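Below: the structure, in structure tokens.
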Amino acid sequence: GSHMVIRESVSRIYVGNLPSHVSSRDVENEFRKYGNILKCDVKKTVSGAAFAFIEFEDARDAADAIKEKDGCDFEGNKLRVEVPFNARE
RNA sequence: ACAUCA
């Protein structure tokens, strides 16, 4: 998970407070340019917000997406992007 | 802040 892992594990993206509702296949069609995706899925909370999760074959190539998609927002607009599974930092 | 099950 966190800290200097030294190879192994698999990197992912998390997006939350997402616009309307995404299909996992539609966001795969965008993320695939940063590297091959192994799995993706979508979720929701009883608070009414929605989430999506997108796996990647290498962390540092996918990080160019995570850093341009950065800056979460609230209390007037819905969008959030974060990487808890920040492998090879 | 939050999931993976393929």
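Here the deposited numbering is used: the first residue of the first sequence is -2, the next is one more, and so on.
Note that the Cβ used here is the ideal one computed from N, Cα and C, for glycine as well.
Worksheet item: Which residue from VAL80, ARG9 and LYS75 puts its Cα closest to that of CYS37?
Response: Numbered from its first residue, the first sequence carries residue 37 at position 40. For the residues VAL80, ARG9 and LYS75, the minimum Cα distance to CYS37 belongs to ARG9.
Item to complete: Quick one: residues in its chain with C-beta nearer than 8 angstroms to the C-beta of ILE34, no 5 flanking neighbours on either side, listed in chain order?
Response: Residue numbering aside, residue 34 sits at position 37 when the first sequence is read from its first letter. So the list reads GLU25, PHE28, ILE51, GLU52, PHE53 and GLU54, once near-sequence residues are dropped.
Worksheet item: Which residue's Cα is closest to the Cα of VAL7: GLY68, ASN74, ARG77 and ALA56?
Response: On the first sequence, residue 7 is found 10 positions in, with the first residue counted as 1. Checking every option, the nearest Cα to that of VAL7 belongs to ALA56.
Worksheet item: Excluding sequence positions up to five away, which residues of its chain have a Cβ less than 8 angstroms from the Cβ of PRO16?
Response: For the purposes of this step, residue 16 is taken as residue 19 along the first sequence, with counting starting at 1. These residues qualify, in order along the chain: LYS75 and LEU76.
Practice prompt. Using the DSSP secondary-structure output, state which residues sit across from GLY68 in a beta bridge.
Written response: For the purposes of this step, residue 68 is identified with residue 71 of the first sequence, where counting begins at 1. Looking at the DSSP output, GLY68 sits in no beta bridge, so it has no partner there.
Item to complete: Could you check the C-alpha separation between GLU86 and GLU72 for me, to the nearest Å?
Response: Here residue 86 refers to the residue found at position 89 when the first sequence is read from its first residue. Here residue 72 refers to the residue found at position 75 when the first sequence is read from its first residue. Whole-angstrom Cα-Cα distance: 31 angstroms.
Worksheet item: Comparing alpha-carbon positions, which option in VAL43, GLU65 and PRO81 lies nearest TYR31?
Response: Mapped onto the first sequence, residue 31 falls at position 34. Nearest option by C-alpha distance: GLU65.
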